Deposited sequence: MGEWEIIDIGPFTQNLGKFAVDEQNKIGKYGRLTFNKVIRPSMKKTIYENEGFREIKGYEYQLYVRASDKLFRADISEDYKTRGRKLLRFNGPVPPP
């Protein structure tokens, strides 16, 4: 596919909420509270999309990679790591 910078509107914020909810199921960083997705957010095409976000949760910053299937709209958290340096 092709990588691009995308906005941080509702769609993108919800991807960040998803990432935190999925992290919380795994419990890797304990139970986090989604704050916000900050810039920059990146998207690639895959049949679907891959998203790489900076996610603020419980006042710390994480990087999350999320995939989304085009036809079903089903999502997967691929990676959730941090804390990371600010962009």
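Exercise. Wait, which stretches of the deposited chain are just not there in the structure?
Worked result: 1, 48-56 are the stretches of the deposited chain that have no C-alpha coordinates in the structure.
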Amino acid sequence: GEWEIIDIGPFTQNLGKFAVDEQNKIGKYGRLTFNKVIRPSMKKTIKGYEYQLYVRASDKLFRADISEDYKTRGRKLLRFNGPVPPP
From here on, numbers count along this sequence of modelled residues.
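Exercise. Per the entry, where is the mean C-alpha temperature factor higher: 14-22 or 59-67?
Worked result: That would be 59-67.
For this session: Could you check the entry and say whether 1-9 or 76-84 has the higher mean CA B-factor?
Result: The recorded data point to 1-9.
For this session: Taking the chain's C-alpha temperature factors as the reference, tell me which third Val37 falls into: lowest, middle or highest.
Result: For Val37, whose C-alpha B-factor we compare with every modelled residue in the chain, the answer is the lowest third.
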